[PDB]
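Colleague: I have a structure I would like to understand better, so I am pasting it below and will then ask my questions one at a time.
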Ligand SMILES: NC(=O)c1ccc[n+]([C@@H]2O[C@H](COP(=O)([O-])OP(=O)(O)OC[C@H]3O[C@@H](n4cnc5c(N)ncnc54)[C@H](O)[C@@H]3O)[C@@H](O)[C@H]2O)c1
Ligand SMILES: NC(=O)c1ccc[n+]([C@@H]2O[C@H](COP(=O)([O-])OP(=O)(O)OC[C@H]3O[C@@H](n4cnc5c(N)ncnc54)[C@H](O)[C@@H]3O)[C@@H](O)[C@H]2O)c1
Ligand SMILES: NC(=O)c1ccc[n+]([C@@H]2O[C@H](COP(=O)([O-])OP(=O)(O)OC[C@H]3O[C@@H](n4cnc5c(N)ncnc54)[C@H](O)[C@@H]3O)[C@@H](O)[C@H]2O)c1
Ligand SMILES: NC(=O)c1ccc[n+]([C@@H]2O[C@H](COP(=O)([O-])OP(=O)(O)OC[C@H]3O[C@@H](n4cnc5c(N)ncnc54)[C@H](O)[C@@H]3O)[C@@H](O)[C@H]2O)c1
Ligand SMILES: Oc1cc(CCl)ccc1Oc1ccc(Cl)cc1Cl
Ligand SMILES: Oc1cc(CCl)ccc1Oc1ccc(Cl)cc1Cl
Ligand SMILES: Oc1cc(CCl)ccc1Oc1ccc(Cl)cc1Cl
Ligand SMILES: Oc1cc(CCl)ccc1Oc1ccc(Cl)cc1Cl
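Protein chains in written order, with PDB author numbering: chain B, 96 to 326, 367 to 424; chain A, 96 to 325, 367 to 424; chain B', 96 to 326, 367 to 424; chain A', 96 to 325, 367 to 424. A prime marks a further copy of an entry chain.
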């Protein structure tokens, strides 16, 4: 009764955020979507015109229930951080309460305390460039949006969460092993996110009795994954994974969703600070056959 | 759905095996216990006498359903492998079909194909000596009983398992970081088990679509734990409860619920992994 | 003959930069110091007034030879990055050619190509705050100065280095395991630096035949280490290390120096992308005695 | 300074043992070879006949100085441990004092205390089977000969070593990541060796101030390498030279110079570590 989850980073039904929502919905968790303002209106219109109705089907006797859909920009910690230009930008100007602190405030006012938090977002202006050719601005952009955003979400949401709550994010193995193509400091940001997950596990665990983990997911053809193409990257990764992983089956977003759902529930009470691989075991291989 | 799990390594209700059994029971999984022969009759006697009745309560509605309880010795792959001294032992002489292969055949003959396998056992005759003073015989005993036994279990059990079945074992972080009193080559055996888990994941995944993972548990005051010296387990528990990120008592069923998840279809995309279930203790460097 | 090493991050004789210089000097490597402008003048005056003469003694029949001492600020990639305020700041206004590109240009013009590069610097405005209380600005500051600086040094110095050159930086185990007190996103920056070391190893190795590694050093009572005190941290770490490390001896900066010197020489030709622990084995322990 | 190193595991000049010997020789370290008895006489014969003369050249001025060459079997801890079948073997019958303890005593009696120890040997009778089809006897053989042998070497050699001495062994990344043809429990043995290296580092560091590390080498076309199947070693080398960050031929002396550094006082603050000497291949995820 009243498991409520905020999922930060959903833009359509093709990413891991949607897979996580669907699996949580199956367990009767109420879902709140945090949607980045550049794609918020297109998301809502698609939703309203029933474009997602097929994608919301679960048991065939069961359909996803979404409690709310909120504009959310993980770039901004508080209203005071929003630069005048963004505030007046065409896509932002008609939206309110979209900073990290404001969304936490909003959620709490509307629904009270929550017990489940999902960071399912990343961004990097220079993802198309190799690390060596990444500018300082681009690298800091990657760390700001992909890594720091997790820390800030935690700082503001822990006030609206019950003890024994659970927090997950999503990472990629390029943090630990070299993946050519994963540029722009994205590798660096995932390494930071994985290390920050431990440090946060310590603070949140001791001061709040809240857990935090990260899922290192295998390749999924999401909207963001396609934007790694330069001049494709995700097709190569998928093909390589389906060919060489211990488990040669197609990796689904709901495969990640059911792990997320376990880590968010009380069943994972003794697990915290961990990077959990959900990648058909690809990470354990050294040399291909 | 008619799931069956063989749990190898139950001697009483104070260890991880029991906790795993309880949590699986919540999911209506049928449970079969593999019990080490030296403690088989005492176990059956305590069970008959009702000593375990309270430990078997799953909640208001439910009692643990235990399908069967069989003698099982991981020292022996097949009937041919038992020596005369064991053949002649008081405790073994009155039992049979307790080698790894015999138990696979016996389960398959009685109940058919299973789909869940749990390795929750270890042994090391020189556990109380430090690695440097461990003999070759002692070291190889630790590896034989604590590591090779997992390979052999897999080798014989795959024949009686369904596709998409799942397997787990238990390990300890002494494989990766030094724990002074974890002697007798137990640290070595755990290191080998964690690596074996990967290699097996490759073979079982490609050839049978079967998953295997290992749970690295924090300290639990079980029978075997009380055998280690610095008492060791009392120190480990106090340290964990003082310094772990989550300052709560680690329960066998905390491991049980993770095991149950790893053994279900929910974790279909996870294989070859060491999953830490230790209140986050493994992430700490410097005690604060 | 003409092994030349640029050591970026030396402010006095109490840190690892000095230890590395001393060990390299023992192998007749010519040393160039890159000195942060806020402490450059005080460094030079101390040096001139012979305050370091004791510290430069090697064999007792041998004294360190320093080829040059250059103002260096790893915050700035090129002259064009320097903000008007810094340029006119009291401590910067009389200094020139101190950006990463300008120092590379300068070194090359003056001495030709070099074959050894040391990143021995870190910085974080909010090191005194726990990760959870670190602001976005502070976290980005830590990543900018401690992590990105390595990438930029590489990008500009690879043009002035010979094939088969070697590059090292210094890291700390807080990247992998939680160390309370190592705040301000310093942990996050070290995690990034260690992951960037791999990615760079790949690019530099393939395109230039240049190696790069990082040394994860144990605790040393350097000037920066003392600035971690809040309201001390380094005294605790030293005491803990001397008590519980497999090797219970005092960790010296020249202990790190002799490893650095090995990794910079041709003897380590087949080692790249690695994090090498020089910490009396402390990292291998789980529970104290 | 009068340094002496025992190198256990030299059979010819094509392996890592020889490379380590050569590089140490550059530093004027006196070298003692431990040679597996089945290949001892053939080795001595090739040496006498000058087959190794060119491989022994250190440069313009220097030839490798080899202090002694002794039969050494890591299967056996003491004289008591040899079975009748080995006692009776053609190759062994004409040799003696080749158990681990006997060799420590023999070296100490002839040359005094040493300060450097190299473990450069492995064996696994079922290397050509995959882990899942490896027998208990085969698995334990791999662990006995490839892992326990390091512990035993340390146990017997510490008595004859100086304080601040240093010890190294060789491992392979198959302990950490799956390499399909690395069978017979060799992956398990390497996992145990890397963990054992840590535990030993604790014991030897606190008790004797002695260091121990392990070098994880990339592929070298040695005698033993040619025993593995997918040829395996030909594939590994081609893959490494194509995908490693450094695209250069890995030489035994590339491992040698790192070994020499780890065995010197230069690395006094390094212990219990796995050091990768593989042209950076281990850092790659996806072949590009
Ligand atoms: N797709 C893969 O193959 C893959 C593999 C490993 C990890 N991941 C991780 O999973 C997570 C989700 O990625 P995805 O693959 O589902 O792609 P996706 O496009 O479905 O998810 C990215 C979402 O984040 C949102 N977003 C971007 N910047 C934001 C900001 N500042 N504030 C709020 N929202 C913002 C975007 O609108 C987008 O909807 C990412 O962290 C990614 O690194 C993905
Ligand atoms: N207890 C802890 O603190 C702890 C921490 C980490 C990991 N573990 C692991 O969890 C597993 C379960 O142990 P536990 O802690 O529940 O103690 P336990 O005594 O409850 O379980 C060990 C069981 O293994 C059985 N066994 C021993 N030798 C056997 C053989 N040759 N064949 C068959 N069975 C044999 C014993 O009868 C015993 O019941 C072990 O593998 C242990 O390494 C335990
Ligand atoms: N001291 C330790 O215990 C310890 C342990 C592990 C790692 N390290 C690492 O070793 C490295 C050196 O630290 P240290 O301990 O020798 O302290 P230190 O003060 O001797 O070294 C830091 C130096 O970097 C310089 N610096 C700071 N910002 C700079 C910039 N933007 N451009 C150029 N130079 C700048 C400072 O002037 C200072 O001299 C750091 O990377 C640190 O993280 C230190
Ligand atoms: N060759 C490679 O590609 C490679 C890669 C990584 C690690 N390694 C490791 O390097 C080490 C050296 O092997 P190598 O590659 O030089 O091959 P090698 O054949 O040159 O060395 C192995 C030696 O071990 C000896 N040996 C075998 N059983 C023995 C016993 N019971 N007692 C004493 N000696 C015994 C053999 O006589 C042989 O000379 C091995 O431990 C191996 O695991 C090799
Ligand atoms: O992390 C990712 C890892 C993979 C490996 Cl298959 C594919 C997509 C990913 O997600 C992103 C990658 C880059 C950027 Cl800029 C944003 C995002 Cl959400
Ligand atoms: O693996 C273990 C780790 C700990 C750390 Cl708390 C405690 C108990 C353990 O289990 C055993 C330990 C030694 C032996 Cl001989 C058998 C077993 Cl079942
Ligand atoms: O990295 C470090 C690790 C330790 C652990 Cl003993 C001590 C000092 C360190 O160096 C710094 C720490 C913080 C900041 Cl702001 C700058 C620097 Cl140079
Ligand atoms: O460890 C090894 C790893 C590789 C990967 Cl290139 C090649 C050779 C190796 O050495 C052995 C391998 C198997 C056996 Cl039975 C003995 C030895 Cl000495």
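Even for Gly, the Cβ is constructed at its ideal location relative to N, Cα and C.
Given 8 Å as the limit, is there contact between the region 303-315 of chain A and the region 121-132 of chain B', that is, 3 or more CB pairs closer than that?
Modeller: As far as the Cβ criterion goes, the region 303-315 of chain A does not touch the region 121-132 of chain B', which means the pair count is below three.
Colleague: Which same chain residues end up closer than 6 Å to residue 317 of chain B' when comparing Cβ atoms and leaving out the 5 residues on each side of it in sequence?
Modeller: Taking the first residue of the third chain as position 1, residue 317 of chain B' is located at position 222. Excluding sequence neighbours, residue 317 of chain B' sits near 109 and 110.
Colleague: What do you reckon, is the C-beta of residue 227 of chain B under 7 Å from a heavy atom of ligand 3?
Modeller: As a first step, residue 227 of chain B is located in the first chain; it is residue number 132 there, counting from the start. Checking every heavy atom of ligand 3 against the Cβ of residue 227 of chain B, none is found closer than 7 Å.
Colleague: Could you compute how far the alpha carbon of residue 172 of chain A sits from the alpha carbon of residue 231 of chain A'?
Modeller: On the second chain, position 77 is the one that residue 172 of chain A refers to. On the fourth chain, position 136 is the one that residue 231 of chain A' refers to. Those two C-alpha atoms are separated by around 8 Å.
Colleague: Compute the minimum distance between the beta carbon of residue 233 of chain B' and the heavy atoms of ligand 3, and state whether it is under 7 Å.
Modeller: The sequence position of residue 233 of chain B' within the third chain is 138, counting from 1. Outside the cutoff, so no.
Colleague: Against residue 295 of chain B, what residues of chain B' qualify as contacts under a CB-to-CB distance less than 8 Å, listed in chain order?
Modeller: As a first step, residue 295 of chain B is located in the first chain; it is residue number 200 there, counting from the start. Chain B' residues near residue 295 of chain B: 226 and 227.
Colleague: May I have the straight-line CA-CA distance separating residue 97 of chain A' from residue 269 of chain B', to the nearest angstrom?
Modeller: As a working note, residue 97 of chain A' is residue 2 in the fourth chain. As a working note, residue 269 of chain B' is residue 174 in the third chain. Cα to Cα, residue 97 of chain A' sits roughly 40 Å from residue 269 of chain B'.
Colleague: Taking the alpha-carbon positions, what's the residue 262 of chain A' to residue 216 of chain A' distance?
Modeller: Against the fourth chain, residue 262 of chain A' aligns to sequence position 167. Against the fourth chain, residue 216 of chain A' aligns to sequence position 121. Taking the straight line from one Cα to the other gives about 14 Å.
Colleague: Taking 7 Å as the cut-off, does the CB of residue 323 of chain B come closer than this to any heavy atom belonging to ligand 5?
Modeller: Along the first chain, read from residue 1 onward, the residue named residue 323 of chain B stands at position 228. Residue 323 of chain B: yes, Cβ under 7 Å from ligand 5.
Colleague: With which residues is residue 163 of chain B paired in a DSSP beta bridge?
Modeller: By 1-based counting over the first chain, the position of residue 163 of chain B is 68. Paired residue(s): B/127.
Colleague: Taking its Cβ as the centre, do 16 or more other Cβ atoms sit within 10 Å of residue 117 of chain A', making it buried, or is it exposed?
Modeller: Here residue 117 of chain A' is taken as the residue at index 22 of the fourth chain, counted from 1. Buried, by the Cβ-count rule.
Colleague: Assuming residue 312 of chain A' and residue 236 of chain A' form a contact by the criterion Cβ under 8 Å, report the distance between their Cβ atoms to the nearest whole angstrom.
Modeller: By one-based count along the fourth chain, residue 312 of chain A' stands at place 217. By one-based count along the fourth chain, residue 236 of chain A' stands at place 141. Not confirmed; about 22 Å, so no contact.
Colleague: Taking the C-alpha atoms as reference points, what is the distance between residue 219 of chain B' and residue 273 of chain A'?
Modeller: Against the third chain, residue 219 of chain B' aligns to sequence position 124. Against the fourth chain, residue 273 of chain A' aligns to sequence position 178. The alpha-carbon atoms of residue 219 of chain B' and residue 273 of chain A' are separated by roughly 40 Å.
Colleague: In angstroms, rounded to a whole number, what distance separates the CA positions of residue 238 of chain B and residue 183 of chain B?
Modeller: Within the first chain, the letter at position 143 stands for residue 238 of chain B. Within the first chain, the letter at position 88 stands for residue 183 of chain B. The straight-line gap from Cα to Cα measures roughly 25 Å.
Colleague: Can you find the residues in the same chain that come closer than 7 Å, C-beta to C-beta, to residue 132 of chain B, ignoring five residues on each side of it along the sequence?
Modeller: Walking along the first chain from the start, residue 132 of chain B turns up at place 37. Same-chain partners within the cutoff: 166, 168, 186, 187, 190 and 193.
Colleague: Residue 269 of chain A touches chain B' at which residues, Cβ-Cβ below 8 Å?
Modeller: For the purposes of this step, residue 269 of chain A is taken as the residue at position 174 of the second chain. By Cβ distance, chain B' contributes 421.
Colleague: If we cut at 8 Å on Cβ distances, does residue 375 of chain A' have a partner in chain B?
Modeller: Position 239 of the fourth chain holds residue 375 of chain A'. Closer than 8 Å: yes.
Colleague: Please name the residues in the region 274-295 of chain A' whose beta-carbon is closer than 8 Å to at least one beta-carbon of chain B, in chain order.
Modeller: Of all residues in the region 274-295 of chain A', 274 and 275 have a Cβ within less than 8 Å of some Cβ in chain B.
Colleague: Going by DSSP in three states, residue 404 of chain B sits in which element: helix, strand or coil?
Modeller: Position 269 of the first chain, counting from 1, holds the residue named residue 404 of chain B. It is coil, neither helix nor strand.
Colleague: Taking only beta-carbon positions, decide if residue 411 of chain B' is within less than 8 Å of chain B.
Modeller: Along the third chain, one-based indexing puts residue 411 of chain B' at 276. With 8 Å as the cut-off, residue 411 of chain B' does not count as an interface residue toward chain B.
Colleague: Any residue with its C-beta under 5 Å from a non-hydrogen atom of ligand 2 counts. Can you list them all in chain order?
Modeller: Taking each Cβ in turn, the ones that pass are A/104, A/106, A/110, A/111, A/131, A/168, A/169, A/170, A/215, A/216, A/217, A/218, A/240, A/265, A/267, A/312, A/314, A/315, A/317, A/318, A/319 and A/320.
Colleague: Alpha carbons only, please: which of A'/296, A'/281 and A'/294 is nearest the one belonging to residue 291 of chain A?
Modeller: Position 196 of the second chain, counting from 1, holds the residue named residue 291 of chain A. When each option's Cα is compared against that of residue 291 of chain A, the closest is A'/281.
Colleague: Whose C-alpha, out of A/412, A/314, A/394 and A/319, is nearest the C-alpha of residue 385 of chain A?
Modeller: By one-based count along the second chain, residue 385 of chain A stands at place 249. Among A/412, A/314, A/394 and A/319, the Cα nearest to that of residue 385 of chain A is on A/314.
Colleague: State buried or exposed for residue 139 of chain B', treating a residue as buried only when at least 16 other CB atoms are found within 10 Å of its CB.
Modeller: What you label residue 139 of chain B' is simply residue 44 of the third chain in a count that begins at 1. Result: exposed.
Colleague: May I ask which residues mark the beginning and end of the alpha helix (DSSP H) holding residue 204 of chain A'?
Modeller: Residue 204 of chain A' sits at position 109 when you count from the first residue of the fourth chain. Element bounds for residue 204 of chain A': 195-206.
Colleague: So, is the C-beta of residue 424 of chain A' closer than 8 Å to a C-beta in chain B?
Modeller: Translated into the one-based positions of the fourth chain, residue 424 of chain A' becomes position 288. By this cut-off, residue 424 of chain A' is an interface position.
Colleague: Given a limit of 8 Å on CB to CB distance, which residues of the region 234-264 of chain B' reach chain B?
Modeller: Those residues of the region 234-264 of chain B' that come within reach of chain B (Cβ to Cβ, closer than 8 Å) are 234, 235, 238, 239, 242, 243, 246, 247, 249 and 250.
Colleague: With 7 Å as the C-beta to C-beta threshold (strictly closer), list the residues of the region 168-197 of chain A near chain A' in chain order.
Modeller: Taking 7 Å as the Cβ-Cβ cut-off against chain A', the residues of the region 168-197 of chain A that qualify are 172.
Colleague: Could one say the Cβ of residue 378 of chain B' lies closer than 8 Å to chain A's Cβ atoms, at least one of them?
Modeller: Within the third chain, residue 378 of chain B' is the residue found at index 243, counting from 1. It does not; no Cβ of chain A falls within 8 Å.
Colleague: Are there any heavy atoms of ligand 5 lying less than 7 Å away from the beta-carbon of residue 273 of chain B, as far as the coordinates show?
Modeller: Here residue 273 of chain B refers to the residue found at position 178 when the first chain is read from its first residue. Not so, every heavy atom of ligand 5 lies at least 7 Å from the Cβ.
Colleague: How many angstroms separate the CA atom of residue 158 of chain A from the CA atom of residue 134 of chain A?
Modeller: One-based indexing of the second chain puts residue 158 of chain A at position 63. One-based indexing of the second chain puts residue 134 of chain A at position 39. So the alpha carbons of these two residues sit roughly 24 Å apart.
Colleague: Within 10 angstroms of its Cβ, does residue 137 of chain A' collect 16 or more other Cβ (buried), or is it exposed?
Modeller: One-based indexing of the fourth chain puts residue 137 of chain A' at position 42. So residue 137 of chain A' counts as exposed.
Colleague: If I measure Cβ to Cβ from residue 153 of chain B' and keep anything under 7 Å in the same chain, skipping five residues before and after, which residues do I get?
Modeller: Start at 1 with the first residue of the third chain, and residue 153 of chain B' comes out as number 58. So the list reads 117, 120, 121 and 159, once near-sequence residues are dropped.
Colleague: Could you have a look at residue 258 of chain B' and say whether DSSP puts it in helix, strand or coil?
Modeller: Walking along the third chain from the start, residue 258 of chain B' turns up at place 163. Strand at residue 258 of chain B'.
Colleague: Of the choices B'/419, B'/245 and B'/214, whose alpha-carbon is the least far from that of residue 410 of chain A'?
Modeller: Your numbering for residue 410 of chain A' matches position 274 in the fourth chain. It is B'/419 whose Cα lies nearest to the Cα of residue 410 of chain A'.
Colleague: If you draw a straight line from the alpha carbon of residue 245 of chain A to that of residue 256 of chain B', how long is it in whole angstroms?
Modeller: The sequence position of residue 245 of chain A within the second chain is 150, counting from 1. The sequence position of residue 256 of chain B' within the third chain is 161, counting from 1. Distance between the alpha carbons of residue 245 of chain A and residue 256 of chain B': 52 Å.
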